[PDB]
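*Asks:* so I've got this experimental structure, pasted below with the sequence.
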There are 4 protein chains.
Amino acid sequence: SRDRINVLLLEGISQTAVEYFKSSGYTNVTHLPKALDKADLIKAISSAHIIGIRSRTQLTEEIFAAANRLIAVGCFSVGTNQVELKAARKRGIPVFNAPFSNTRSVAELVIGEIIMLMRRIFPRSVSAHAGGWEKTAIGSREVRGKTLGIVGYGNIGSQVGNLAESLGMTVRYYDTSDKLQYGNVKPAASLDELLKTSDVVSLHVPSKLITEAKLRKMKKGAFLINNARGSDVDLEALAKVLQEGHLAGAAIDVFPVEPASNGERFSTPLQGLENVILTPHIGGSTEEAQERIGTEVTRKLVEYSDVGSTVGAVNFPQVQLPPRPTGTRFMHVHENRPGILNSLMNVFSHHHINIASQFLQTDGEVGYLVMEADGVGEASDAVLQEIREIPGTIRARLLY
Amino acid sequence: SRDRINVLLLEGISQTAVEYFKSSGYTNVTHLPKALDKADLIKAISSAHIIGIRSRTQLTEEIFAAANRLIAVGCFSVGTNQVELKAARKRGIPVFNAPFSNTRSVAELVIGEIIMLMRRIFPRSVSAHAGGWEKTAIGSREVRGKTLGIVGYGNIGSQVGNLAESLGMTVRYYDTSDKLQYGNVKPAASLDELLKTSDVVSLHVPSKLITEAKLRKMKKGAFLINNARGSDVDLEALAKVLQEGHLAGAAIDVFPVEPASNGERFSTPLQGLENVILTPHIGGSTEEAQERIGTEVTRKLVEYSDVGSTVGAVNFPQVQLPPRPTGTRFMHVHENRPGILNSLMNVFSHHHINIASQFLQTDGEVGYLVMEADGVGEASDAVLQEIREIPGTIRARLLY
Amino acid sequence: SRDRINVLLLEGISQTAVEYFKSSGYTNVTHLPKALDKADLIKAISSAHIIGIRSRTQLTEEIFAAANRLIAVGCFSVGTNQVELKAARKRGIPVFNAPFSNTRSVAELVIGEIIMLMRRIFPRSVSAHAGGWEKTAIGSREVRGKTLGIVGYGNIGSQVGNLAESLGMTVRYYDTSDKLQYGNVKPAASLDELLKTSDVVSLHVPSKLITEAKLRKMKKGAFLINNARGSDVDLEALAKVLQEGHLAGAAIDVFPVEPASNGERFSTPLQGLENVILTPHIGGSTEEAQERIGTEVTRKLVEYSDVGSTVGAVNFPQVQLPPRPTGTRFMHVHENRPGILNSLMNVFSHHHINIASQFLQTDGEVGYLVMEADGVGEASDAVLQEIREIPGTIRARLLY
Amino acid sequence: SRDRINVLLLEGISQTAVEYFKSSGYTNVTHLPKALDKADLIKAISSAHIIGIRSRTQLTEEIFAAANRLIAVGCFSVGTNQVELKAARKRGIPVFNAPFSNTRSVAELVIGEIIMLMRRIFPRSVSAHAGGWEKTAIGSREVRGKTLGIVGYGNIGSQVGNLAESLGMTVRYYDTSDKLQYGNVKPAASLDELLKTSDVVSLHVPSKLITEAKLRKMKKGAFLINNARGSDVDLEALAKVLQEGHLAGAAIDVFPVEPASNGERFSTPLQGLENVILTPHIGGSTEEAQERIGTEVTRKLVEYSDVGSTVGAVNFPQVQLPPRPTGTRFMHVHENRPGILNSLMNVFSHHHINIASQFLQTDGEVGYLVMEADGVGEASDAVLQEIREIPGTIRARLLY
């Protein structure tokens, strides 16, 4: 029964998550609008099977030590810096995030920013609020006909490309593991070739690439956007080439050092520069991304709890195995002790239970084995109890 | 010979204009990068047949009085407030502008601004430059799935609609003289219906529509963009509903009162408000629009000078008449004296010249007649000289 | 009153025409599902002001001689070969057709045929009906990636291009009066260049271009489609190059000689050839084109009857003149007698009526003058009666 | 060394396959343009590691018995009816086909056929070749504005939908495991709802659904296309409803009984019916699909031979396991003897070799295990030799 699985959701996680749990039979859901202090968290997590958090709840070894029943963590966000990932792994707890939910929010932002930057709209508006009047066409340009260079052509890169094309831009990309043409979108032979031949360069590197040398290769009057990785651009070098008037503008969402909360001062050498849009790491922060995150992370948690899939876990060996309509399914998390597979297989033989399929994956800390078997009822319970006792076992359970 | 037609171009008009004149046989082109003072202008215009200006050159009756040979004025811009239009008309001088060149520049701006406003990017960037850090999804939204309401569905309106659709917006329009559906773009039954059901309203009224009453009909959290007419919105009422937090943001390119140059202070009650983009009437100001203006206005001037077409003139009866490969073509500008048509026809009979087609259009000040006739050589010269002498005649010439 | 204007519609003209007349105030509509014989036609047309026909009704001088009141003919079809156009003109009767209604029907047909031809579907289906089984990929190809060459880039040509692009074709065009690029659609420098570099050539020449020499310039394995003009291709030469296997297929909707009705034998040297689609001049024949024709031709007839516009008439000088909300509007059709303009102007002066605008156009048979004037009531009636009496006058009327 | 792997390619497999093998280091390629007889096949396959065939080569148990070294079969085609799939499986030989290569060829065909059918082009062309002339708009329609109902919304279904939308059709789909909306493409609630509300129904069921009852639910004048599964439509019932004139046409590529080659008579009750396109199972038969098949199937074969992946094999447990840059990778195919996993694990322990990951999948005939291990050199050779000797082993090898 899934109504016995205690789901605890913190920090005002979207209602799309609560609904997804319910429709999956996970009706035992405690949903809070706030973060908890260490003490309330220790109390509340004490009986939790599944916890969902956002950016404020800190999940450390000390918390896991109190979490007697916890099987999985959902980070209802892109990042996972609030969870001790290795501590969770060593306790056989996968942590899931929402890596693709933000895609559309980042892509729209890039496209809007390309227009604002090529038109110099931000300095014009700052000036207008102050009483200035900068009515002039010089240095102001249409995006139609211009070349966008995209560095990293994954999910976001290609959505950015799609939208840029509908705006009449010529789109090129550089990506170390793709050279295919996509309709009118062509690969550049190299990063440098892309930099030299683009009017706007937007960084979309998958989770310094752009040094002063790279910036000086860009066309005079060109623009840089980085809404992807905070350590990818030398921002001191960017400030210099902007002040020289080599580059005409930039938009930057991510920084080498970002405030540890909205209640501490932000500093960057781009501050005070003309035609620079600075955004507080909000590329993925929309109401609609929050909704998609609620669904994405809950889907992962439901699938983990039902059938032990860990594909997409950020801290765990990635295992997926087609479920079967008969027999029983087991998972076993262990230390990587030599010969533990033998012990596991031996337990199954001993109980006359045949394994129909299995998937083992391992990393430096744990091995994770999921198995489909033909045992049923009490014979399966007995194999479970015995595999739990093999030395090096971290946890094991029966699955649907 | 067209190389005898003195073309004078002022204020750094795009080189696309100079080239268009040349390729048309108009090789006699004086091109200046600057505006002229009253005195230099009087001197330089004294022998000009065609003058092209931008925003700084003032063309008044006093100037036309000095312009012995002037047949046409090109305003290499959207507006025409620098030319005394009626004074030009009364002297039989059409003035041509570039009414459609700006279209793409306005449409791109609207689309970029919709994204910046729905995401609250401008206040976030102002805050970031000052050291603030506003990392939050609340009130921040994707444009995909949202409804854009377009008021005025002409050239710009429909381009705005095209681009908004490619960004996944649902697009509706209100226009008093169109109710047709265009693919997925549907008409609203009324202005109020459009206002009530849009997330963003963008004004594109062809050359106050939005009062406090209209603003209060808009959805709480909605956005207004006006990049079209400066007197269409009550900006004091807009400031109020923004401060109340009824509307979440606005972008405004045009104002009831705008500085008489970049060297005088701009004032608006929107100044200092959060999530308001203020732009100094630059909706049409791009390098690419300047290029298109150079071509558009030169095409009009060339066609006027060659065959007397005045369709598109902003101050003149609109006449167009298919040219014929034989005989002679005449134009005659006159005061609207009763019976002047009789006198004109009588002159033609007297010289045994038959009119094959003609188009007369008139307004409060002038009549403009273009005629195709079968006269040739000296017989045509004689009809010209005589029609020039009819009382009330302002000017007449032979055409190609 | 428009309910006094007798509209007679023949041959089952779409109901969209009847509705358009009604909504325009033209309520006096006799609508028949059939063609009439000479005798019934003479009787029925005797009091008709406006007649609409399709392909079977023959309108000759003899019929017009019986048509005491007829002002206009609507050919509710693309062609106009059933009307004596010159006879109508000489009686001051414009004839209007539906030149653009067919556009979409032709464009869809071309695109479907390109696929059938490149895949050799028609010979495969003929073979399958007869019990043959030609399962083979040889000579069978996808249209994606292929080059369509379009000869004549007007209305149909560009719609054909749009659709072909959505199917992943590269589209080029040759047109003697256009060299502009449209997005990804590029002009060829010449007809021969287009022929040599296309996989499929489709003819869309506006109302022999393709000789054996042209066919032999096409790529081996290429395809020709002619759904435009019946005399544009040497079909005997096409049959030869098809039998040689130089061209791989063709689709042809139009022929140098076509049966004078569906009740007479059709002959062409393409008959019996493999991978040739022969269609009986149905490129424009759809239920939806019939509907659009009903609207298009009725719009022309309504506008002619209301305000005398003849733009789009196939047999008449093309005149359009903006209507004014005051005074009176006149039209006058005449023989081209020298000095008739003088007589007309003199009549107007005599009655102290001032002409505010006018448009005269003429051809070899008639002059057509439309005039806006400031007369009202009985003064206008008197000018009408007198201009009707000027020698050479064919007809005249007051307009709205 | 891969140049030691004997690749034998038969029946004129596209050159894209030969190139893909070469670039992968598989240089030992014998490529024939023809099928082989039993005797030549037995000889040629005797030393083959990998064989590629098309539709004529028959691979039976008798052939496999002669194939001492064969590890994999490539069916360079969609179907696999020429290979004894179970016989191959029992010998531990996966068979790979090209399930997605045909997608574009099927989608284009459907779209062309929709146009031909709605326009009744095929009967018109049959008639024209015979001298008939059927110039008429009745029953002839544009596809723009019409509803396409798609049954099965997988790969082909959605490409069909994309293309149909670009042609201005409204597209709906019924699929038992999808209810999501895709842009403007909406799911129907049921098969019957889709049938009742479509103008054209196209079947794209993944590898009788449409009975007389279903056909009679379709709109009078509607069209059916089946280019997917040969047993999905009652063709006798289709012939009846066509003859009654309930349905206006059909296109059918696949039949309950199809000739065993191009040299035997084809029979179907649709033969001789008007507006029925019959195609000899060529929906996937293009030159471009043949090229894509060459690449697709070779990619599968290369990946199987290098790292033992069997995802996409049509006759084999589906196994994929991320490769590691160190240690050794093993595969083992066996009979499903209880306790064989224990024996395998025991062999590895005995040689002190640790397994880092593994994936077992099984079906009714075989178990297939792929393993990543930390053995190297001679220790790995010794484990290989010993696991080959476990009773029930079909084959085992080392991998890259």
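*Replies:* Arrived safely, thanks for sending. Residues are numbered from 1 along each chain as shown, chains lettered A, B, ... in the order given.
*Asks:* tell me where chain A has helices.
*Replies:* Using DSSP state H, the helices assigned to chain A run over residues A:15-23, A:38-45, A:61-66, A:85-90, A:103-118, A:121-129, A:155-166, A:191-197, A:212-217, A:235-243, A:287-307, A:340-350, A:377-387.
*Asks:* of those helices, flag the one that's most buried.
*Replies:* helix A:103-118 (a mean of 26; mean count of other C-beta atoms under 10 Å in any protein chain shown). From N, CA and C alone the C-beta is placed, and that goes for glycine too.
*Asks:* so what's the spatially most central residue of chain A closest to, chain neighbours aside?
*Replies:* Nearest residue to the geometric centre of chain A (C-alpha atoms, centre = their mean): residue A:99, 3.0 Å. Using C-beta to C-beta, 6 or more residues apart in numbering or on different chains and skipping the chain neighbours, the partner closest in space to residue A:99 is residue A:78 (6.7 Å).
*Asks:* hang on, residue A:360 packs against residue A:367?
*Replies:* Yes - contact criterion C-beta atoms under 8 Å: residue A:360 and residue A:367 qualify, at 6.1 Å.
*Asks:* picking up where we left off before, could the helices of chain A be laid out in CSV, adding distance to chain C?
*Replies:* Output for these, formatted as CSV (distance: least, C-beta to the nearest C-beta, whole Å):
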stretch, distance to chain C
helix A:15-23, 35
helix A:38-45, 55
helix A:61-66, 54
helix A:85-90, 46
helix A:103-118, 19
helix A:121-129, 27
helix A:155-166, 11
helix A:191-197, 20
helix A:212-217, 30
helix A:235-243, 34
helix A:287-307, 29
helix A:340-350, 49
helix A:377-387, 52
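*Asks:* out of those, which comes closest to residue C:316?
*Replies:* Taking C-beta to C-beta, helix A:155-166 is the member of the helices of chain A nearest to residue C:316, at 44.8 Å.
*Asks:* do that closest one and chain B meet at all?
*Replies:* Yes - with C-beta under 8 Å from any C-beta of the partner chain as the criterion, chain B is reached by helix A:155-166 at A:163, A:166.
*Asks:* now that helix against helix B:155-166, angle please.
*Replies:* 160 degrees (axes from the mean of the first three to the mean of the last three C-alpha atoms, to 10 degrees).
*Asks:* quick one: buried residues of stretch A:307-314?
*Replies:* A:307-310, A:312-314 (16 or more other C-beta atoms under 10 Å in any protein chain shown).
*Asks:* tell me the one of those residues nearest residue D:158?
*Replies:* residue A:312 (24.5 Å).
*Asks:* which residue does chain A bring closest to chain C?
*Replies:* In chain A, the residue found nearest to chain C is residue A:184; the distance is 7.5 Å by C-beta to the nearest C-beta.
*Asks:* now that residue, nearest residue through space, not along the chain?
*Replies:* Nearest to residue A:184 is residue A:165, by C-beta to C-beta, 6+ apart, at 6.5 Å.
*Asks:* hmm, residue A:398 and residue A:380 touching each other?
*Replies:* Yes - between residue A:380 and residue A:398 there is a contact at 6.5 Å, judged by C-beta under 8 Å.
*Asks:* what sits in contact with each of those two?
*Replies:* Residues touching both residue A:380 and residue A:398 (C-beta atoms under 8 Å, 6 or more residues apart in numbering or on different chains): A:328, A:330.
*Asks:* flag every residue of the stretch 201-350 of chain A that's near chain D.
*Replies:* Residues of the stretch 201-350 of chain A lying near chain D (C-beta under 8 Å from any C-beta): A:317, A:336, A:338-339, A:341-342, A:345-346, A:348-349.
*Asks:* could you single out the nearest of the residues you listed to residue D:201?
*Replies:* Distances from residue D:201 to those, taken by C-beta to C-beta, are shortest for residue A:317, at 46.8 Å.
*Asks:* I'd guessed residue A:290 sits against residue B:138; true?
*Replies:* No - the pair residue A:290 and residue B:138 does not pass the contact test of C-beta under 8 Å, sitting 9.2 Å apart.
*Asks:* how about the residues of the stretch 101-250 of chain A by chain B?
*Replies:* Those residues of the stretch 101-250 of chain A that sit near chain B, judged by C-beta under 8 Å from any C-beta, are A:104-105, A:108-109, A:111-116, A:119, A:121-122, A:124-145, A:163, A:166-167.
*Asks:* quick one on the thing from earlier: CSV for the buried residues of stretch A:307-314, including distance to chain B?
*Replies:* Below are these laid out as CSV (distance: C-beta to the nearest C-beta, whole Å):
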residue, distance to chain B
A:307, 31
A:308, 32
A:309, 28
A:310, 28
A:312, 22
A:313, 24
A:314, 21
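*Asks:* closest to chain D out of those residues?
*Replies:* For those, the nearest to chain D is residue A:310 (13.0 Å; C-beta to the nearest C-beta).
*Asks:* hang on, isn't that closest one packed against residue A:333?
*Replies:* No - using C-beta under 8 Å, residue A:310 is not in contact with residue A:333; the gap is 9.9 Å.
*Asks:* find the residues that touch each one of these two.
*Replies:* With C-beta under 8 Å, 6+ apart as the test, residue A:310 and residue A:333 both reach residue A:368.
*Asks:* and chain A, what are its domain boundaries?
*Replies:* Domain ranges of chain A: A:1-102+A:287-315, A:103-286, A:317-399, per curated CATH domains.
*Asks:* residue contacts, residue A:288?
*Replies:* A:104-105, B:141-142, B:144-145.
*Asks:* how about 7 Å then?
*Replies:* Residues in contact with residue A:288 (C-beta atoms under 7 Å, 6 or more residues apart in numbering or on different chains) are B:141-142.
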